[PDB]
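Visitor: Quick one: the structure is below, questions incoming.
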Amino acid sequence: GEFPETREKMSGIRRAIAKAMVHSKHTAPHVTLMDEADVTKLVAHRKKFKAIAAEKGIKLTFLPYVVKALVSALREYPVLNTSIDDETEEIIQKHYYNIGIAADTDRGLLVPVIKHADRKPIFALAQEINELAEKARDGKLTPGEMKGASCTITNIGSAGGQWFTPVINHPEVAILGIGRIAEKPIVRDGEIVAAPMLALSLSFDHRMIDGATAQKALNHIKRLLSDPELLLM
Amino acid sequence: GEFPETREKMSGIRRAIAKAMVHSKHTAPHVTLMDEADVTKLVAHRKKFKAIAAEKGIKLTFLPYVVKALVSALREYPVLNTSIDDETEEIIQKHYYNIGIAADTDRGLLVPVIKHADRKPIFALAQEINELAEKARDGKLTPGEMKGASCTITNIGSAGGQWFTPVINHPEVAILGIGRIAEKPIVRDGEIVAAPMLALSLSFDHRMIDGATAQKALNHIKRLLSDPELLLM
Amino acid sequence: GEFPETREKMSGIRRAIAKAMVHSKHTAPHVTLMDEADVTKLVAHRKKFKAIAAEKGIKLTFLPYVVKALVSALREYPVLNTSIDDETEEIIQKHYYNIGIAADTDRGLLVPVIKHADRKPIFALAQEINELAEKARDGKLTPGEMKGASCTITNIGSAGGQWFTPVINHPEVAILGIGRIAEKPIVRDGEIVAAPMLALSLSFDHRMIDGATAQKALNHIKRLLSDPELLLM
Amino acid sequence: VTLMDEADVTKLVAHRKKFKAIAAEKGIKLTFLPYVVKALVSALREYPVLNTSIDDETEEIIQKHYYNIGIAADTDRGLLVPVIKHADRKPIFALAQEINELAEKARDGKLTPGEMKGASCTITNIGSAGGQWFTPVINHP
């Protein structure tokens with residue numbers, strides 16, 4: 001009659017999503033670190049190879065560089081490859097680099113995993129990433145492709161946004177959020193110049209990783225993204 | 001004798017506040033999106049009509065524009081008008097636009113609600129907002145005026161501040177926080193210029209609204225606040 | 001054979017850390033305020049007295065100024081000196097200024113406390129801070145030196161970083177996080193200039209301290225850090 | 001059959017130079033060989049016949065599906081060929097480090113016999129002694 005409302009049932013998809021979210025919410029205290037990287041060289045580098053990738057049928061995005069930077073951080077700061085179950089003798093350290101890429105789809109939140117990301121080049125990752133993204137979009141993923149990540153990267157940047165506070169998928173200890181790239185005035189040396197900056201948000205499980213360690217891992221990533229040639233070698 | 005301490009009882013007001021806060025804290029995983037809007041045109045527009053409002057006995061603030069921008073987002077992204085109770089057949093979608101305005105008072109946190117905000121002009125909202133604010137300040141609100149919101153806006157900006165992390169009032173799915181407006185160097189086109197920026201913080205319930213959707217809703221709001229004429233039409 | 005994993009026991013140190021963290025995570029809804037202070041004068045002031053401190057065997061850092069600014073805020077906004085236990089007649093107001101300084105060590109998170117911080121000068125604090133830091137690093141702290149804080153300051157800035165989201169040590173109502181200092185373009189008066197900015201992150205317990213109060217306390221701190229002479233007098 | 005040819009390496013020289021200091025800080029000596037190793041892996045992948053081997057019986061055409069590259073060295077013990085296994089999964093700095101370690105092991109006779117086996121292809125450097133266009137003997141397998 002007035003202030004109309006429509007009632008709907010949670011059982012179709014919402015209940016399934018909530019069942020997982022209601023566990024993640026009290027898994028651990030979570031801490032997020034908000035920071036920014038200067039990506040001037042990254043932008044220039046990706047641009048330089050954009051045409052080449054196109055000739056090969058590969059679309060470059062910045063994500064493949066982020067994936068490589070994360071693998072490097074995971075190697076330097078090995079605590080990030082750990083996972084924790086609830087029993088006492090359950091601290092697990094992985095010795096491989098499997099990186100999940102989150103995607104928001106009509107089926108909820110899916111996370112395809114690139115296994116052995118440590119052994120792939122940038123063009124190969126770009127191709128695998130694009131293929132997994134399409135499979136996720138259409139619901140064509142094999143369940144075994146959504147398992148085994150040591151860490152996950154969540155892109156919000158494709159929708160715009162900065163500094164969000166991603167939820168750590170509960171079996172892991174950290175998730176890296178990626179925001180948009182946009183020019184901002186920065187001070188470089190003695191001058192105020194504009195340069196593209198990438199908003200980063202790192203979320204970690206406080207029960208295992210402390211503040212200084214997480215920030216150091218983030219600093220590692222920031223340094224590599226700002227200079228792709230060192231990242232590649 | 002030394003390191004003196006005074007003991008007081010929680011039962012006067014603190015217990016009542018805590019009773020509500022201790023439920024909200026574990027209602028859902030919450031995600032906040034921190035971002036900024038260029039409000040150069042908004043500032044100029046409000047200024048232009050400041051004298052007119054004064055003649056009519058109306059004080060303009062930026063909030064009436066925020067309220068209109070939120071209504072527009074609520075309409076474009078209808079998931080934001082939903083609410084969830086704990087039983088399975090409890091997903092409720094509202095078909096009206098009732099917006100709560102939070103206020104910090106000596107009686108705790110009050111939220112007067114502007115009903116049918118979708119049918120009001122800017123001057124009318126400014127007048128209603130100011131009246132509700134006074135009623136809240138003095139404790140003169142009728143309980144029915146604090147009910148029925150589809151969404152709430154929390155201003156911290158009147159006290160200064162940026163990017164806070166508002167608590168979603170548990171019956172709803174999102175809350176919009178508003179920070180201060182201040183000039184910052186920005187890069188506009190090819191030049192570094194200063195312009196007033198509004199700090200925004202959007203908090204949403206992860207069990208229903210995903211990252212991309214919340215950011216899109218926020219982008220909608222940012223676009224409208226940056227250009228009030230489109231917002232009005 | 002493939003995707004190797006190593007299992008380890010949580011009982012050495014991790015269980016102890018988790019036992020505390022798993023309580024703090026659901027103690028209260030926590031709200032963080034992210035903001036920035038212009039510290040141009042602070043930097044210049046510390047520099048001016050750097051040589052003097054060195055002659056006396058004292059290393060100056062910015063922390064002693066932060067400690068004084070916090071004491072001042074604690075005095076102006078006395079709610080910050082409170083603590084809460086879980087029984088009803090447990091609202092405790094302290095009438096002293098004991099400030100904890102957090103440190104990330106190989107023994108987990110330690111918090112030495114400077115008692116009666118309100119009666120110490122900057123050089124004295126710098127000396128006490130450095131001594132406590134060394135004792136914490138080596139595990140030489142007396143347990144009574146880790147007790148009695150009214151508030152805690154957490155530095156992440158020594159590792160780089162901005163805007164983190166510190167966990168309030170559960171017995172208290174607020175924690176102040178300190179990020180790095182770095183120059184950023186700012187607009188000052190009518191010009192775009194660069195100046196060192198300090199990233200601040202204030203985290204508070206929503207059951208006792210509201211948004212406006214916490215922001216006002218933060219504004220107090222920001223004003224004092226931007227002008228050390230007023231802070232000293 | 002030998003094919004004698006020449007490559008313009010202006011960019012290669014400039015690139016190695018750029019990262020020389022970095023490698024030194026990490027305890028890594030860069031030479032051009034790590035780039036040659038990567039270029040060879042790429043060729044082996046594009047032209048897979050190069051990963052084959054042949055034994056003398058008829059049903060002995062073997063195609064490898066991995067990239068193990070031998071690096072020949074002339075030592076006082078004769079010609080040794082340490083093998084970098086899974087060269088396809090290593091970065092330049094890592095190869096430079098492995099190459100230098102294998103070279104030292106070969107020089108001192110400290111190689112484990114299993115480190116001299118499994119190559120799909122071998123690279124022979126004569127360049128360290130000067131020289132152009134030599135006619136290397138294909139290790140028969």
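Chains: A, B, ... in order of the structure tokens. Residues: from 1 per chain. Ligands: from 1, in order shown.
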What would you get as a CSV table (one decimal) with C-alpha atoms, in the first residue's frame if chain A were moved onto chain C by least squares over all of its C-alpha atoms in order?

Guide:
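Result written to superposed_2.csv:
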chain,number,residue,atom,x,y,z
A,1,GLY,CA,56.4,-35.4,-4.7
A,2,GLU,CA,54.8,-32.3,-6.2
A,3,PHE,CA,53.5,-29.1,-4.6
A,4,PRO,CA,55.5,-30.0,-1.5
A,5,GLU,CA,54.3,-28.8,1.9
A,6,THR,CA,56.0,-28.9,5.3
A,7,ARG,CA,54.0,-29.4,8.5
A,8,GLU,CA,55.0,-27.6,11.8
A,9,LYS,CA,53.5,-27.4,15.3
A,10,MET,CA,51.7,-24.2,16.5
A,11,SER,CA,52.5,-24.9,20.2
A,12,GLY,CA,56.0,-23.2,20.3
A,13,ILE,CA,54.9,-19.5,19.9
A,14,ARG,CA,52.0,-19.3,17.5
A,15,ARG,CA,49.5,-20.8,19.9
A,16,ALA,CA,50.3,-18.2,22.5
A,17,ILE,CA,49.9,-15.4,20.0
A,18,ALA,CA,46.7,-16.7,18.7
A,19,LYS,CA,45.3,-17.2,22.2
A,20,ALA,CA,45.5,-13.5,22.7
A,21,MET,CA,44.5,-12.5,19.1
A,22,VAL,CA,41.4,-14.7,19.0
A,23,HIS,CA,40.0,-12.7,21.9
A,24,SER,CA,40.9,-9.3,20.6
A,25,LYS,CA,39.2,-10.0,17.3
A,26,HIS,CA,35.7,-10.1,18.8
A,27,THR,CA,36.2,-7.7,21.7
A,28,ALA,CA,34.4,-4.8,20.1
A,29,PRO,CA,33.5,-3.3,16.8
A,30,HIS,CA,36.6,-1.1,15.9
A,31,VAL,CA,36.6,2.0,13.8
A,32,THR,CA,39.7,3.5,12.3
A,33,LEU,CA,40.2,7.1,11.2
A,34,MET,CA,42.8,7.7,8.5
A,35,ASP,CA,44.2,11.1,8.3
A,36,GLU,CA,47.4,13.2,7.7
A,37,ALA,CA,49.4,15.8,9.6
A,38,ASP,CA,51.6,18.5,8.2
A,39,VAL,CA,54.8,18.0,10.1
A,40,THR,CA,57.1,20.6,8.4
A,41,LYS,CA,57.8,22.3,11.7
A,42,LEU,CA,58.2,19.1,13.6
A,43,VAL,CA,60.8,17.9,11.2
A,44,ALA,CA,62.7,21.2,11.4
A,45,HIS,CA,62.5,21.2,15.2
A,46,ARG,CA,63.8,17.7,15.6
A,47,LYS,CA,66.6,18.5,13.2
A,48,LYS,CA,67.6,21.5,15.2
A,49,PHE,CA,68.2,19.5,18.3
A,50,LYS,CA,69.6,16.4,16.7
A,51,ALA,CA,73.2,17.4,17.4
A,52,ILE,CA,72.4,18.2,21.0
A,53,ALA,CA,70.8,15.0,21.6
A,54,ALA,CA,73.7,13.2,20.1
A,55,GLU,CA,76.2,14.9,22.4
A,56,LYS,CA,74.1,13.7,25.4
A,57,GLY,CA,74.0,10.1,24.0
A,58,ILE,CA,70.3,10.5,23.0
A,59,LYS,CA,69.0,9.6,19.6
A,60,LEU,CA,66.0,11.7,18.6
A,61,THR,CA,63.2,10.2,16.6
A,62,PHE,CA,59.8,11.7,16.2
A,63,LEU,CA,58.2,9.4,18.6
A,64,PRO,CA,58.8,11.5,21.8
A,65,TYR,CA,56.8,14.3,20.2
A,66,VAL,CA,54.0,11.9,19.4
A,67,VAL,CA,54.1,10.7,23.0
A,68,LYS,CA,53.7,14.3,24.2
A,69,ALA,CA,50.9,15.0,21.7
A,70,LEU,CA,49.1,11.9,22.8
A,71,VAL,CA,49.3,12.8,26.5
A,72,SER,CA,47.8,16.2,25.7
A,73,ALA,CA,45.0,14.5,23.8
A,74,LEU,CA,44.4,12.1,26.6
A,75,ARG,CA,44.1,15.0,29.0
A,76,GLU,CA,41.7,17.1,26.8
A,77,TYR,CA,39.5,14.1,25.9
A,78,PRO,CA,39.6,11.9,29.1
A,79,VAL,CA,37.4,9.2,27.7
A,80,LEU,CA,40.6,8.0,26.1
A,81,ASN,CA,42.0,7.1,29.5
A,82,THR,CA,39.3,4.7,30.2
A,83,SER,CA,39.2,1.0,30.1
A,84,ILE,CA,36.4,-1.5,30.2
A,85,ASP,CA,36.1,-4.9,31.7
A,86,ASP,CA,33.2,-7.2,31.0
A,87,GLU,CA,31.1,-6.8,34.2
A,88,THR,CA,28.7,-4.0,34.5
A,89,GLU,CA,30.4,-2.0,37.2
A,90,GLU,CA,33.7,-1.9,35.3
A,91,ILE,CA,34.1,1.5,33.6
A,92,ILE,CA,37.4,2.6,34.8
A,93,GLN,CA,38.9,6.0,34.4
A,94,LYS,CA,42.6,6.5,34.8
A,95,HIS,CA,44.0,9.7,36.3
A,96,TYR,CA,47.6,9.2,35.0
A,97,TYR,CA,49.3,9.0,31.7
A,98,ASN,CA,51.0,5.7,31.0
A,99,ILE,CA,51.8,5.2,27.3
A,100,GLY,CA,52.7,1.9,25.8
A,101,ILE,CA,55.0,1.7,22.8
A,102,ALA,CA,54.5,-1.4,20.7
A,103,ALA,CA,57.4,-3.3,19.2
A,104,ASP,CA,57.5,-6.3,16.9
A,105,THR,CA,60.1,-8.7,18.1
A,106,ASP,CA,61.1,-12.3,17.7
A,107,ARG,CA,59.1,-13.0,20.8
A,108,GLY,CA,55.9,-11.6,19.4
A,109,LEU,CA,54.4,-8.2,20.2
A,110,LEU,CA,55.7,-6.5,23.3
A,111,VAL,CA,54.5,-3.3,24.8
A,112,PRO,CA,56.9,-1.5,27.2
A,113,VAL,CA,55.1,1.3,29.1
A,114,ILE,CA,56.4,4.7,29.9
A,115,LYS,CA,54.8,5.6,33.2
A,116,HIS,CA,54.0,9.1,34.1
A,117,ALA,CA,54.8,10.3,30.6
A,118,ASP,CA,53.1,13.6,31.6
A,119,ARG,CA,56.1,14.6,33.7
A,120,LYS,CA,58.9,14.0,31.3
A,121,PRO,CA,60.6,16.4,28.8
A,122,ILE,CA,61.5,15.4,25.2
A,123,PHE,CA,65.1,14.5,25.9
A,124,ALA,CA,64.1,12.3,28.8
A,125,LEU,CA,61.5,10.5,26.8
A,126,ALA,CA,63.9,9.9,24.0
A,127,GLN,CA,66.3,8.3,26.3
A,128,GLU,CA,63.6,6.2,28.0
A,129,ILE,CA,62.2,5.1,24.7
A,130,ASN,CA,65.5,4.0,23.4
A,131,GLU,CA,66.2,2.1,26.6
A,132,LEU,CA,62.8,0.3,26.5
A,133,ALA,CA,63.2,-0.5,22.9
A,134,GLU,CA,66.5,-2.2,23.6
A,135,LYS,CA,65.1,-4.1,26.5
A,136,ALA,CA,62.2,-5.3,24.4
A,137,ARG,CA,64.5,-6.4,21.6
A,138,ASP,CA,66.5,-8.6,23.9
A,139,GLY,CA,63.7,-9.8,26.1
A,140,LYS,CA,65.1,-8.0,29.2
A,141,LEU,CA,61.8,-6.4,30.2
A,142,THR,CA,60.5,-6.8,33.7
A,143,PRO,CA,56.8,-7.9,33.4
A,144,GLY,CA,55.8,-4.8,35.4
A,145,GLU,CA,57.2,-2.6,32.6
A,146,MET,CA,54.6,-4.0,30.2
A,147,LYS,CA,51.6,-3.2,32.4
A,148,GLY,CA,49.5,-0.2,33.2
A,149,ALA,CA,49.2,1.7,29.9
A,150,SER,CA,46.2,4.0,29.4
A,151,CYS,CA,46.9,4.0,25.7
A,152,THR,CA,49.3,2.5,23.2
A,153,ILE,CA,51.2,3.9,20.2
A,154,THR,CA,52.2,1.6,17.3
A,155,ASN,CA,54.8,2.5,14.9
A,156,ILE,CA,54.7,0.9,11.5
A,157,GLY,CA,56.4,3.8,10.0
A,158,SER,CA,59.9,2.5,10.8
A,159,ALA,CA,59.1,-0.2,8.2
A,160,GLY,CA,57.4,2.2,5.8
A,161,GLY,CA,53.7,2.2,5.3
A,162,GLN,CA,50.7,4.4,5.7
A,163,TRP,CA,47.3,4.0,7.2
A,164,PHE,CA,47.3,0.6,8.7
A,165,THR,CA,44.5,-0.6,10.9
A,166,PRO,CA,45.9,-1.4,14.3
A,167,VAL,CA,44.2,-3.7,16.8
A,168,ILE,CA,43.2,-2.1,20.0
A,169,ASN,CA,44.8,-4.0,22.8
A,170,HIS,CA,41.5,-5.2,24.3
A,171,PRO,CA,41.8,-3.8,27.9
A,172,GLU,CA,42.0,-0.2,26.5
A,173,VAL,CA,39.7,1.9,24.3
A,174,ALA,CA,42.1,3.2,21.7
A,175,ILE,CA,45.4,2.7,19.9
A,176,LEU,CA,47.3,5.3,17.8
A,177,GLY,CA,49.1,4.1,14.7
A,178,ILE,CA,52.0,6.0,13.3
A,179,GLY,CA,53.1,5.7,9.6
A,180,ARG,CA,56.0,7.0,7.7
A,181,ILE,CA,56.8,10.6,7.0
A,182,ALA,CA,57.2,11.6,3.4
A,183,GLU,CA,56.9,14.6,1.3
A,184,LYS,CA,53.7,15.0,-0.7
A,185,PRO,CA,52.4,17.9,-2.8
A,186,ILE,CA,50.0,19.8,-0.6
A,187,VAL,CA,48.2,23.0,-1.1
A,188,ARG,CA,49.2,25.6,1.3
A,189,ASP,CA,47.4,28.9,1.2
A,190,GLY,CA,47.3,29.6,-2.6
A,191,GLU,CA,50.3,27.5,-3.7
A,192,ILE,CA,51.2,23.9,-4.4
A,193,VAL,CA,54.2,23.1,-2.4
A,194,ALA,CA,55.7,19.9,-1.1
A,195,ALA,CA,55.9,19.2,2.5
A,196,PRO,CA,56.5,16.1,4.8
A,197,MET,CA,53.3,14.6,5.9
A,198,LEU,CA,52.7,12.0,8.6
A,199,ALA,CA,50.2,9.3,8.0
A,200,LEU,CA,48.1,8.8,11.1
A,201,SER,CA,45.7,6.0,11.9
A,202,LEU,CA,43.5,6.1,15.0
A,203,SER,CA,41.6,3.0,16.1
A,204,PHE,CA,39.0,3.1,18.7
A,205,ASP,CA,36.4,1.0,20.5
A,206,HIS,CA,32.9,2.0,19.2
A,207,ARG,CA,31.2,0.9,22.4
A,208,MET,CA,32.6,3.8,24.3
A,209,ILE,CA,34.0,6.4,22.0
A,210,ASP,CA,32.0,7.8,19.1
A,211,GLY,CA,33.1,9.2,15.8
A,212,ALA,CA,33.1,12.8,16.6
A,213,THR,CA,35.0,12.4,19.8
A,214,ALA,CA,37.7,10.3,18.3
A,215,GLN,CA,38.1,12.7,15.4
A,216,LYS,CA,38.3,15.6,17.8
A,217,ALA,CA,41.1,13.9,19.7
A,218,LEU,CA,42.9,13.2,16.5
A,219,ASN,CA,42.5,16.8,15.4
A,220,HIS,CA,44.1,17.8,18.7
A,221,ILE,CA,47.1,15.6,18.0
A,222,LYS,CA,47.4,16.9,14.4
A,223,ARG,CA,47.5,20.5,15.6
A,224,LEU,CA,50.1,19.9,18.1
A,225,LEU,CA,52.4,17.8,15.9
A,226,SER,CA,52.3,20.5,13.3
A,227,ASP,CA,53.7,23.0,15.8
A,228,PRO,CA,56.1,21.6,18.5
A,229,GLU,CA,56.6,24.8,20.4
A,230,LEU,CA,53.1,24.8,21.5
A,231,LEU,CA,53.4,21.2,22.3
A,232,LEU,CA,56.3,21.8,24.6
A,233,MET,CA,54.8,24.7,26.6

Visitor: For the structure I just gave you, how does DSSP split chain D - specifically, which residues are alpha helix (DSSP H)? Reply as an NGL selection string.

Guide: :D and (10-18 or 20-25 or 33-46 or 92-108)

Visitor: For the interface of chain D with chain A (cut-off 12 Å, counting only C-alpha atoms), please tabulate each contacting residue of chain D alongside its nearest pair of atoms and their separation in Å to one decimal, rows sorted by chain and increasing number, as a Markdown table.

Guide:
| residue | atom | partner | partner_atom | distance |
| --- | --- | --- | --- | --- |
| D:15 | CA | A:229 | CA | 9.9 |
| D:16 | CA | A:233 | CA | 10.8 |
| D:18 | CA | A:229 | CA | 10.2 |
| D:19 | CA | A:230 | CA | 8.4 |
| D:20 | CA | A:230 | CA | 11.8 |
| D:22 | CA | A:230 | CA | 9.2 |
| D:23 | CA | A:233 | CA | 10.2 |
| D:30 | CA | A:233 | CA | 11.6 |
| D:34 | CA | A:233 | CA | 10.7 |
| D:35 | CA | A:233 | CA | 10.6 |
| D:38 | CA | A:233 | CA | 11.5 |
| D:42 | CA | A:121 | CA | 11.6 |
| D:86 | CA | A:119 | CA | 9.6 |
| D:87 | CA | A:119 | CA | 9.9 |
| D:88 | CA | A:119 | CA | 7.5 |
| D:89 | CA | A:119 | CA | 4.5 |
| D:90 | CA | A:119 | CA | 7.0 |
| D:91 | CA | A:233 | CA | 5.4 |
| D:92 | CA | A:233 | CA | 5.2 |
| D:93 | CA | A:233 | CA | 6.0 |
| D:94 | CA | A:233 | CA | 8.4 |
| D:95 | CA | A:233 | CA | 9.8 |
| D:96 | CA | A:233 | CA | 10.5 |

Visitor: For residue 125 (chain D), find every residue with an atom within 8 Å (counting only C-alpha atoms), except residues of its own chain fewer than 6 positions away, and show them as a list in words.

Guide: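 Using only C-alpha atoms, the neighbours found are residues 71, 72 and 73 of chain D.
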
Visitor: Could you find all residues in region 7-140 of chain D that DSSP calls strand (DSSP E) from the backbone, and write them as a PDB file with N, CA and C atoms, in the first residue's frame?

Guide:
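So the final result, stored in selection25.pdb, reads:
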ATOM      1  N   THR D  52      65.083 -33.673 -29.822  1.00  0.00           N
ATOM      2  CA  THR D  52      65.094 -35.086 -30.030  1.00  0.00           C
ATOM      3  C   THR D  52      66.469 -35.668 -29.894  1.00  0.00           C
ATOM      4  N   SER D  53      66.483 -36.969 -29.776  1.00  0.00           N
ATOM      5  CA  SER D  53      67.688 -37.756 -29.751  1.00  0.00           C
ATOM      6  C   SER D  53      67.450 -39.028 -30.496  1.00  0.00           C
ATOM      7  N   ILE D  54      68.528 -39.624 -30.943  1.00  0.00           N
ATOM      8  CA  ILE D  54      68.412 -40.862 -31.667  1.00  0.00           C
ATOM      9  C   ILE D  54      69.355 -41.940 -31.203  1.00  0.00           C
ATOM     10  N   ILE D  61      63.447 -43.027 -31.825  1.00  0.00           N
ATOM     11  CA  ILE D  61      63.429 -41.588 -32.002  1.00  0.00           C
ATOM     12  C   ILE D  61      62.781 -41.056 -30.765  1.00  0.00           C
ATOM     13  N   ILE D  62      63.530 -40.301 -30.002  1.00  0.00           N
ATOM     14  CA  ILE D  62      63.012 -39.861 -28.735  1.00  0.00           C
ATOM     15  C   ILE D  62      62.813 -38.384 -28.711  1.00  0.00           C
ATOM     16  N   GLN D  63      61.642 -37.943 -28.307  1.00  0.00           N
ATOM     17  CA  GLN D  63      61.420 -36.523 -28.180  1.00  0.00           C
ATOM     18  C   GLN D  63      61.273 -36.119 -26.733  1.00  0.00           C
ATOM     19  N   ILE D  69      69.861 -27.999 -20.531  1.00  0.00           N
ATOM     20  CA  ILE D  69      70.946 -27.509 -21.369  1.00  0.00           C
ATOM     21  C   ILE D  69      72.326 -27.711 -20.798  1.00  0.00           C
ATOM     22  N   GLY D  70      73.158 -28.373 -21.576  1.00  0.00           N
ATOM     23  CA  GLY D  70      74.509 -28.632 -21.158  1.00  0.00           C
ATOM     24  C   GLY D  70      75.405 -27.459 -21.464  1.00  0.00           C
ATOM     25  N   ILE D  71      76.349 -27.199 -20.591  1.00  0.00           N
ATOM     26  CA  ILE D  71      77.343 -26.180 -20.867  1.00  0.00           C
ATOM     27  C   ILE D  71      78.692 -26.812 -20.893  1.00  0.00           C
ATOM     28  N   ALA D  73      82.675 -27.463 -20.889  1.00  0.00           N
ATOM     29  CA  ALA D  73      83.877 -26.834 -20.379  1.00  0.00           C
ATOM     30  C   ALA D  73      85.112 -27.684 -20.654  1.00  0.00           C
ATOM     31  N   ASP D  74      86.185 -27.012 -21.073  1.00  0.00           N
ATOM     32  CA  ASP D  74      87.466 -27.666 -21.315  1.00  0.00           C
ATOM     33  C   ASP D  74      88.273 -27.590 -20.034  1.00  0.00           C
ATOM     34  N   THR D  75      88.542 -28.735 -19.431  1.00  0.00           N
ATOM     35  CA  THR D  75      89.234 -28.784 -18.155  1.00  0.00           C
ATOM     36  C   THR D  75      90.422 -29.722 -18.262  1.00  0.00           C
ATOM     37  N   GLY D  78      89.603 -33.257 -19.279  1.00  0.00           N
ATOM     38  CA  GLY D  78      88.955 -33.449 -20.559  1.00  0.00           C
ATOM     39  C   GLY D  78      87.700 -32.601 -20.642  1.00  0.00           C
ATOM     40  N   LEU D  79      86.783 -32.999 -21.513  1.00  0.00           N
ATOM     41  CA  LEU D  79      85.612 -32.179 -21.770  1.00  0.00           C
ATOM     42  C   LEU D  79      84.445 -32.640 -20.940  1.00  0.00           C
ATOM     43  N   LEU D  80      84.000 -31.743 -20.082  1.00  0.00           N
ATOM     44  CA  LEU D  80      82.934 -32.006 -19.141  1.00  0.00           C
ATOM     45  C   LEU D  80      81.718 -31.223 -19.557  1.00  0.00           C
ATOM     46  N   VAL D  83      74.935 -30.052 -16.623  1.00  0.00           N
ATOM     47  CA  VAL D  83      73.642 -29.758 -17.220  1.00  0.00           C
ATOM     48  C   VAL D  83      72.692 -28.973 -16.338  1.00  0.00           C
ATOM     49  N   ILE D  84      72.146 -27.891 -16.882  1.00  0.00           N
ATOM     50  CA  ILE D  84      71.164 -27.132 -16.136  1.00  0.00           C
ATOM     51  C   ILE D  84      69.808 -27.671 -16.457  1.00  0.00           C
ATOM     52  N   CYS D 121      70.191 -30.454 -25.290  1.00  0.00           N
ATOM     53  CA  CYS D 121      71.095 -29.740 -26.179  1.00  0.00           C
ATOM     54  C   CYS D 121      72.273 -29.210 -25.386  1.00  0.00           C
ATOM     55  N   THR D 122      73.386 -28.952 -26.062  1.00  0.00           N
ATOM     56  CA  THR D 122      74.583 -28.392 -25.438  1.00  0.00           C
ATOM     57  C   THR D 122      75.054 -27.109 -26.108  1.00  0.00           C
ATOM     58  N   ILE D 123      75.560 -26.195 -25.296  1.00  0.00           N
ATOM     59  CA  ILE D 123      76.183 -24.962 -25.742  1.00  0.00           C
ATOM     60  C   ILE D 123      77.674 -25.019 -25.463  1.00  0.00           C
TER      61      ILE D 123
END

Visitor: State, in Å with one decimal place, the distance from CA of residue 102 (chain D) to CA of residue 118 (chain D).

Guide: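 CA of residue 102 (chain D) sits 14.9 Å away from CA of residue 118 (chain D).
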